[PDB]
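Okay, so here's the structure we're looking at.
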Amino acid sequence: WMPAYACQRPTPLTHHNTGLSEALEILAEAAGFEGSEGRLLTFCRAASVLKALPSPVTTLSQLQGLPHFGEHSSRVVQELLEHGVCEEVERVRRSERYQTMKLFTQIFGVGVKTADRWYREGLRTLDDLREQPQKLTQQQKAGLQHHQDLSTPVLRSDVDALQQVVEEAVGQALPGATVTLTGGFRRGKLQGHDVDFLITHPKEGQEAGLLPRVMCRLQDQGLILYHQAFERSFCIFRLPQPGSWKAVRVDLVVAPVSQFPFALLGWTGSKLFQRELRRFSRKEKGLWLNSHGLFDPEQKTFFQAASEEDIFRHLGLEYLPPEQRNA
DNA sequence: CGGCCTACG
DNA sequence: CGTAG
DNA sequence: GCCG
Ligand SMILES: [Mg+2]
Ligand code: NA
Ligand code: NA
């Protein structure tokens, strides 16, 4: 009844099993901190299955037959239903390792492998990292410098202000170029931790060289605190606020218009949705999907898509609008 | 047994 | 390695 | 951890 791939089922933003999914996602995150991407994926997938259910799970029997629920994920739900807590989840939550790995990997520029090395070296707090700055990349220095602001929710009012200044810079750099809001905000989220924009031009080839021109124009307006030929720019903007400013993470992506449906699909997410869609494409349909195109490795050809709907159709999938891709 | 998404900076 | 969805 |  419940399809096994997340791209085969609608997942709305608001759902009925948040307590259960959040517990499984703690175990997924902890699996990642220990270097087990496979266990992370299973727990992510199991959490996502619960997000797609039409009603609250109140009895363990409601799990029978569900994909990605085996002995371990079922026991977690069982304990939560019977007792309101899962001992394993609580042990993880309270552990110094989990808390510190979460603290460090939430820094922009720091992933699991870097966080784990620092943990093994005895580091535990952000001030510990600040006390040893030669051990930081430029990206990490920027992540730590702006960490307070980057932990503040980005609101819709911020998104609208950012879209205006990005549209102004893009228009100065290339008349006729367009700016599309992607990421979680396109899926209907009201808050986020960053803002994602996709930039193109209707005439194929005119977007060559656009992103450096856009960045130069934003920097000369004093809008850029941090950035790295290129097509993805991971920025920190100086966003004006009444009497002051705050740092905000902004991603700017350029795509030629021939690739725009693929980039729009990829950058709209969710992350799990897109991993599942790429897995489905290759494993079930024998086609290779990324944010540039959909490749048939037998014919050695690329699928010409005019819309996201075209891509779903070519993959034999029922179309899902962005607000149902919240896997 | 062995895969688990697939890119760019 | 980091980043992204 | 789950499954093809
Ligand atoms: Mg985002
Ligand atoms: Na990080
Ligand atoms: Na982003």
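Every chain is numbered from 1, with letters handed out A, B, ... down the list of sequences. These numbers come from the heavy atoms of this one structure, side chains and all, not from hydrogens, waters or symmetry mates.
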Under 3.5 Å donor-acceptor pairs involving side-chain atoms of residues 259-266 of chain A, not counting sequence neighbours:
none

Measuring from the side chain of A:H292 (C-beta onward, heavy atoms only), which nucleotide among C:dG2, B:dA7, C:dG5 has the closest atom?
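Closest nucleotide among those given: B:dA7.
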
All salt bridge (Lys or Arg N to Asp or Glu O under 4.0 Å) counterparts of A:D251, not counting sequence neighbours:
A:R249

Would one find a side-chain N or O of [X] under 4.0 angstrom from OP1 or OP2 of [N]?
{"X": "A:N290", "N": "B:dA7", "value": "yes"}
{"X": "A:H68", "N": "D:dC2", "value": "no"}
{"X": "A:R45", "N": "D:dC3", "value": "no"}
{"X": "A:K283", "N": "B:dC4", "value": "yes"}
{"X": "A:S73", "N": "D:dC2", "value": "yes"}
{"X": "A:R232", "N": "B:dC8", "value": "no"}
{"X": "A:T114", "N": "C:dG2", "value": "yes"}

Take atom [atom1] of [X] and atom [atom2] of [N], then tell me their distance rounded to the nearest Å.
{"X": "A:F104", "N": "C:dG2", "atom1": "CZ", "atom2": "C1'", "answer": "17 Å"}
{"X": "A:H72", "N": "D:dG1", "atom1": "NE2", "atom2": "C1'", "answer": "8 Å"}
{"X": "A:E37", "N": "B:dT6", "atom1": "CD", "atom2": "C1'", "answer": "12 Å"}
{"X": "A:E231", "N": "C:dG5", "atom1": "CD", "atom2": "P", "answer": "16 Å"}
{"X": "A:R279", "N": "D:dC3", "atom1": "CZ", "atom2": "P", "answer": "10 Å"}
{"X": "A:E276", "N": "C:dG5", "atom1": "CD", "atom2": "P", "answer": "17 Å"}
{"X": "A:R275", "N": "B:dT6", "atom1": "CZ", "atom2": "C1'", "answer": "10 Å"}
{"X": "A:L181", "N": "C:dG5", "atom1": "CG", "atom2": "P", "answer": "12 Å"}

Any base atoms under 4.0 Å from [X], or only sugar-phosphate, or nothing? Heavy atoms, all strands.
{"X": "A:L211", "result": "nothing"}
{"X": "A:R249", "result": "sugar-phosphate"}
{"X": "A:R187", "result": "sugar-phosphate"}
{"X": "A:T182", "result": "nothing"}

Between A:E29 and A:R97, is the closest basic N to carboxylate O distance under 4.0 Å?
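No, this pair does not count.
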
In Å, rounded to the nearest 0.5 Å, how long is the span from OG1 of A:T152 to CD of A:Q191?
11.0 Å

Is C:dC1 a north or a south sugar when classified by the sign of torsion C1'-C2'-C3'-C4'?
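Sugar pucker of C:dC1 - north, given that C1'-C2'-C3'-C4' is above zero.
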
Is A:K189 atom NZ crowded by more than 12 heavy atoms from other residues, nucleotides or ligands, each under 6.0 Å away?
no

Residue pair A:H193 / A:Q106, side-chain donor-acceptor N/O under 3.5 Å
no

Taking atom P in both B:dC8 and D:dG1, what distance in whole Å separates the two?
34 Å

